[PDB]
Amino acid sequence: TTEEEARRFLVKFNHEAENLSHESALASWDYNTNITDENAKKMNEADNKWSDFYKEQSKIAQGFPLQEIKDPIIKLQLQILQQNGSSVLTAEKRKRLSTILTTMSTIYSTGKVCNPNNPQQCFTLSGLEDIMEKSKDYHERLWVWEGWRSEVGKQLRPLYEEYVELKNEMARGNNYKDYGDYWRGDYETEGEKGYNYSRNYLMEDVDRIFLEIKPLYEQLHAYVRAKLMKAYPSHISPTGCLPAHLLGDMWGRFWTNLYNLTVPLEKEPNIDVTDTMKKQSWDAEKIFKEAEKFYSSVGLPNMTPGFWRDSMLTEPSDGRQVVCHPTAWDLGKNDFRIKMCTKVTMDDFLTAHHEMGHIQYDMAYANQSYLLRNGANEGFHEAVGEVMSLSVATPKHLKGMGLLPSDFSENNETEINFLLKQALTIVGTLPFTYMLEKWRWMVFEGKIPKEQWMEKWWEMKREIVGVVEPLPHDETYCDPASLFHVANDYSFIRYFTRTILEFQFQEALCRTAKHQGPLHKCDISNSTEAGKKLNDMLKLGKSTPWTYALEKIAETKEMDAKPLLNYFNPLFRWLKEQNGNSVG
Amino acid sequence: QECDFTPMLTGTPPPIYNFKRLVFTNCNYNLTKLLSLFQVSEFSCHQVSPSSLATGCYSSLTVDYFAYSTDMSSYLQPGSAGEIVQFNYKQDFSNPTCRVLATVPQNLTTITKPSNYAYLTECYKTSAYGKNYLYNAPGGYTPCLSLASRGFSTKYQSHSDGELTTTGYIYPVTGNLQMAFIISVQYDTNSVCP
Ligand SMILES: *[C@@H]1O[C@H](CO[C@@H]2O[C@@H](C)[C@@H](O)[C@@H](O)[C@@H]2O)[C@@H](O)[C@H](O)[C@H]1NC(C)=O
Ligand SMILES: *[C@@H]1O[C@H](CO)[C@@H](O)[C@H](O)[C@H]1NC(C)=O
Ligand SMILES: *[C@@H]1O[C@H](CO)[C@@H](O)[C@H](O)[C@H]1NC(C)=O
Ligand SMILES: *[C@@H]1O[C@H](CO)[C@@H](O)[C@H](O)[C@H]1NC(C)=O
Ligand SMILES: *[C@@H]1O[C@H](CO)[C@@H](O)[C@H](O)[C@H]1NC(C)=O
Ligand SMILES: *[C@@H]1O[C@H](CO)[C@@H](O)[C@H](O)[C@H]1NC(C)=O
Ligand SMILES: *[C@@H]1O[C@H](CO)[C@@H](O)[C@H](O)[C@H]1NC(C)=O
Ligand SMILES: *[C@@H]1O[C@H](CO)[C@@H](O)[C@H](O)[C@H]1NC(C)=O
Ligand SMILES: *[C@@H]1O[C@H](CO)[C@@H](O)[C@H](O)[C@H]1NC(C)=O
Ligand SMILES: [Zn+2]
């Protein structure tokens, strides 16, 4: 039969992949923690070997038609191998697409903006972003905003116009409608009764979720606008949109930096335990052993000895060049590592728990088949990681650890400040993600003609996000291409779902732990029942529809924004009283 | 008549997944003189006091010894689940047992030092649906012993016989040699007496 042949082909594929993938991963790890020419060339040769093996094996999977396969796991693994991708293009077009992608990435990575009145002062992307994140001057931010918009994004329009058409050609060659449909197909599954999901159904799902969330964003927007009107007098209308360049960052993706001018009461001091950590003589090893202790308290396994011996937890003292970015590594044959250069601070204390949550998720499905060792979809890994930092940051956990005095007094002012800061970080980015992905989908589909890319873009910016541009932009501009994920060809919806799932997990873990009171005061430590139902979802990997995995923990097949609104209920009730009738 | 603890004082101690077992019956043993030859670092005994072990008549005595770093004491304890307790060695608590972790001093010249400390990180069968792991019985040997006997040259090197696959992790030995002993007593109980 065809299914038996598919089964034995997959057996031998797994046998060879288990070695080749670990060799490639080990070469990459050796390069990243020790930067040199020899390490780079060894990494390149290992990657080439893996790529050649994968291509030659994928050429063989084409001989097993999926109509004669019945098993939901063999068929799932054959669907992954049979994909063509950019190989459907006609030779020259594939090289042209690669050239376009590299040109756009290089153009973005080499941004440079000079001061109009001081031409000697020219800043790169990093020093320009540091200006936006700390300035409080209208024109000083305005020239940075306009300069970055008209320097880097203005020259990506001719490349982006061809990028759209080449991506559409290859997507239509892969039996899709357009490239946006290709991106949306990451959420498609098959199921028996209600466990199936379509790529024509994600659009209306995210539309109704945003409609659920919008009333909270309106209250937050009104409060932020009311405070900015005092921060920047005579520049903001009492009932109008917020100027684009005043929202902390370059693109207004996060509103965190506004907290200093939005804090309800400057008298109340925020919680800080960095001084206590330094006073008690903490180290990187102590931080990670505390994280391991926290994860063991809920019934999850400890770390392997190779994790402790092989991982890099501090910046090397030998002067070796290291790519210092916090990452978790699953190298293959029971080899889990963490690469981060920690310090004795609270932020590192939380990132340790985040990375160990990634590691625990990786360890959970370690016995799955090679192609099925991932999260249920693209938003599951980060949601699982963040749902732990949600519980760790609570003052209850810190008081239990002893990191702050047991005589600490908790009043509603601190709860409001904490909720407001989290809403600035979390709620303030959902409309941006929603409208960016909506614009990209409309552009790839063809509902936005090339003559009105900006005319629609800013139009949506006024209807969904409520943000008005400071200066008019013609069709020589490509403002969305100024973002990293747009010029570098990344999907952006991952950040919309991974929040919606996140709280959906947390409530499920706080109902099982028998928590009493507000949801934001929930700690799942010392609760094996929560860890049990968490590992029930974590062990599945990619072998099941993400709806079934979602039901395994949250007891629902559908993503809902009700837990997110329930988390921010006290803040919403306070904001309604503060705004009154100014919302709009 | 007494019995010689010389077989465990000669040669290179075997790795954990290939530990060596000695069985003693009808012998007048002296435990106080055995542990005096080692720098005992840990002595944790279950269902018998450490002092109570040295006295009393047992039907049989069993000593499972191997080479094992002392800093890995936390992975050999009961209630800990990992590669050591699953693919390497699982202690049997049915009988009264003790676990001793001791460092070999410079005086002992008959014990050779192995090049590396080695253990297994996985031992499983492979199928189109994934990995079917194989676990040790209490006091038994791993099913992947024949494959592991070929030797490991690097960390995470795997040996496969078409059906079974095993992976090994090795690391060099620094300083003195650290050794692990598991002493089990089984209860006619007049054979082995102090
Ligand atoms: C992969 O592992 C799956 C679940 O793990 C096993 O079952 C649970 C209930 C526990 O007993 C745990 O210790 C076991 O490891 C298995 O259902 C599945 O069959 C495994 N994969 C293969 C290919 O056998
Ligand atoms: C870094 O790479 C060099 C390349 O020659 C190697 O010799 C050296 O041992 C490495 N450093 C480490 C592993 O600390
Ligand atoms: C990939 O392309 C090949 C021809 O090169 C074709 O036979 C095959 O069906 C394609 N795969 C899919 C999944 O459409
Ligand atoms: C699942 O399939 C049914 C029947 O084909 C369809 O009506 C339904 O829309 C699908 N579910 C989702 C969530 O798309
Ligand atoms: C906010 O104020 C704090 C001091 O309380 C300072 O460290 C921080 O940089 C300020 N942030 C901004 C964006 O101005
Ligand atoms: C968990 O329980 C232990 C012992 O029961 C206790 O010391 C610890 O403080 C608890 N942890 C939290 C976060 O309350
Ligand atoms: C906190 O509660 C007190 C009474 O307990 C109330 O008077 C006060 O207005 C509340 N403050 C906030 C910021 O909600
Ligand atoms: C056992 O050996 C010790 C080693 O010092 C010795 O002192 C003791 O007398 C011995 N006990 C006997 C032979 O019963
Ligand atoms: C035994 O070890 C001790 C302490 O290290 C040392 O003084 C003595 O010389 C050693 N004896 C022999 C015979 O090596
Ligand atoms: Zn992460």
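Cβ atoms come from the backbone with ideal geometry, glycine included; neighbour counts cover every protein chain shown. Computed from the coordinates by the stated procedures, all read-outs in this text should not be read as laboratory data.
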- Task: Could you give me the residue pairs with C-beta distances under 6 Å whose first residue belongs to the range B:94-109 and is closer than 12 Å to B:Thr70 by Cβ, whose second residue is of a type in the set (D, E, K, R) and away from ligand 1 (no atom under 16 Å from the Cβ) wherever it lies, and which are 6+ apart or on separate chains?
- Result: B:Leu101/B:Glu42
- Query: Considering only the range A:486-504, how many residues are among the polar types (S, T, N, Q) and under 15 Å from A:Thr433 (Cα atoms)?
  - Reply: 3
- Message: Looking only at residues that are under 26 Å from A:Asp536 (Cβ atoms) and touching a strand residue (DSSP E or B) at 6+ places or on another chain (Cβ under 9 Å) in the range A:338-359, which one is farthest from ligand 2 (Cβ to nearest atom)?
- Response: A:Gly357
- Is it the case that A:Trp255 is aromatic (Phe, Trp, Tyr) and either in contact with a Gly (Cβ under 6 Å, 6 or more places away or on another chain) or within 14 Å of chain B (Cβ to nearest Cβ) (or both)? yes
- Note on the structure: Conditions (1) more than 14 Å from chain B (Cβ to nearest Cβ); (2) polar (S, T, N, Q); (3) within 22 Å of A:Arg337 (Cβ to Cβ) -> A:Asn48 fails only (3)
- B:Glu42 vs (1) in a helix (DSSP H, G or I); (2) in contact with a strand residue (DSSP E or B) (Cβ under 7 Å, 6 or more places away or on another chain): all pass except (1)
- Query: Looking at the range A:51-71, is at least one residue surrounded by fewer than 17 Cβ atoms within 10 Å (Cβ to Cβ), of a type outside the set (S, T, N, Q) and at the interface with chain B (Cβ under 10 Å from one of its Cβ atoms)?
  - Reply: yes
- Query: Does any residue of the range A:343-359 turn out to be within 14 Å of another protein chain (Cβ to nearest Cβ), more than 19 Å from the chain's Cα centre (by Cα) and not in a loop (DSSP other than H, G, I, E, B)?
  - Reply: no
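Residues are listed down the side, and each one gets a yes or a no for (1) part of a loop (DSSP other than H, G, I, E, B); (2) under 13 Å from the mean Cα position of the chain (by Cα); (3) closer than 25 Å to B:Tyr133 by Cβ:
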| site | (1), (2), (3) |
| --- | --- |
| B:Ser52 | no, no, no |
| B:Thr55 | yes, no, no |
| B:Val63 | no, yes, no |
| B:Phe66 | no, yes, yes |
| B:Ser74 | no, no, yes |
| B:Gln77 | yes, yes, yes |
| B:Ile84 | no, yes, yes |
| B:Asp92 | yes, yes, yes |
| B:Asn95 | yes, no, no |
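How many residues does the range A:259-304 contain that are assigned to a helix (DSSP H, G or I) and hydrophobic (A, V, I, L, M, F, W, C)?
Step one: filter the range A:259-304 for residues assigned to a helix (DSSP H, G or I), giving A:259-262, A:274-279, A:284-297.
Restricting the remaining residues to those that are hydrophobic (A, V, I, L, M, F, W, C) gives A:261, A:277, A:284, A:287-288, A:291, A:294.
Final tally of qualifying residues: 7.
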- Note on the structure: Note on A:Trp329: of the conditions (1) assigned to a helix (DSSP H, G or I); (2) within 14 Å of chain B (Cβ to nearest Cβ); (3) within 21 Å of the chain's Cα centre (by Cα), unmet is (1)
- Pair list, Cβ < 6 Å and 6+ apart or interchain, from the range A:408-436 residues that are charged (D, E, K, R) to residues that are part of a helix (DSSP H, G or I): A:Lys421/A:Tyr259
- Looking at (1) buried (at least 21 other Cβ atoms within 10 Å of the Cβ); (2) within 14 Å of chain B (Cβ to nearest Cβ), which is the one condition that is false for A:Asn367? (1)
- Query: Has the range A:307-323 got any residue that is over 27 Å from the mean Cα position of the chain (by Cα), at the interface with chain B (Cβ under 9 Å from one of its Cβ atoms) and among the basic types (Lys, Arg)?
  - Reply: yes
- Residue list for the range B:78-125, filter: farther than 20 Å from B:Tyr141 by Cα, among the β-branched types (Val, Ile, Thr) and either within 11 Å of another protein chain (Cβ to nearest Cβ) or surrounded by fewer than 18 Cβ atoms within 10 Å (Cβ to Cβ) (or both): B:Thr103, B:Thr109, B:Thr110, B:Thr112
- For the range B:113-150, which residues satisfy the criterion of being on the phi > 0 side of the Ramachandran plot and under 18 Å from the mean Cα position of the chain (by Cα)? B:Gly139
- How about the range A:17-44: which of its residues are within 15 Å of B:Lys131 (Cβ to Cβ) and acidic (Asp, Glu)? A:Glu18
- Item | Selection within the range A:548-564 - over 20 Å from the mean Cα position of the chain (by Cα) and not in a loop (DSSP other than H, G, I, E, B) | A:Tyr548, A:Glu551, A:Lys552, A:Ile553, A:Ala554, A:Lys562
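Table: residues versus (1) within 16 Å of ligand 2 (Cβ to nearest atom); (2) farther than 25 Å from A:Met312 by Cβ.
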{"residue": "A:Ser24", "(1), (2)": "no, no"}
{"residue": "A:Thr36", "(1), (2)": "yes, no"}
{"residue": "A:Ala40", "(1), (2)": "yes, no"}
{"residue": "A:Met43", "(1), (2)": "yes, no"}
{"residue": "A:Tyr54", "(1), (2)": "no, yes"}
{"residue": "A:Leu66", "(1), (2)": "no, yes"}
{"residue": "A:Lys70", "(1), (2)": "no, yes"}
{"residue": "A:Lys75", "(1), (2)": "no, yes"}
- What is the residue count in the range A:14-39 for residues that are more than 8 Å from chain B (Cβ to nearest Cβ) and out of contact with any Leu (no Cβ under 8 Å at 6 or more places or on another chain)? 18
- Starting from the range B:144-171, keep only residues that are more than 9 Å from chain A (Cβ to nearest Cβ), then list their pairs with residues that are surrounded by 19 or more Cβ atoms within 10 Å (Cβ to Cβ) and basic (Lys, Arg) whose Cβ atoms are within a distance under 7 Å, requiring at least 6 positions of separation or different chains. B:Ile170/B:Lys155
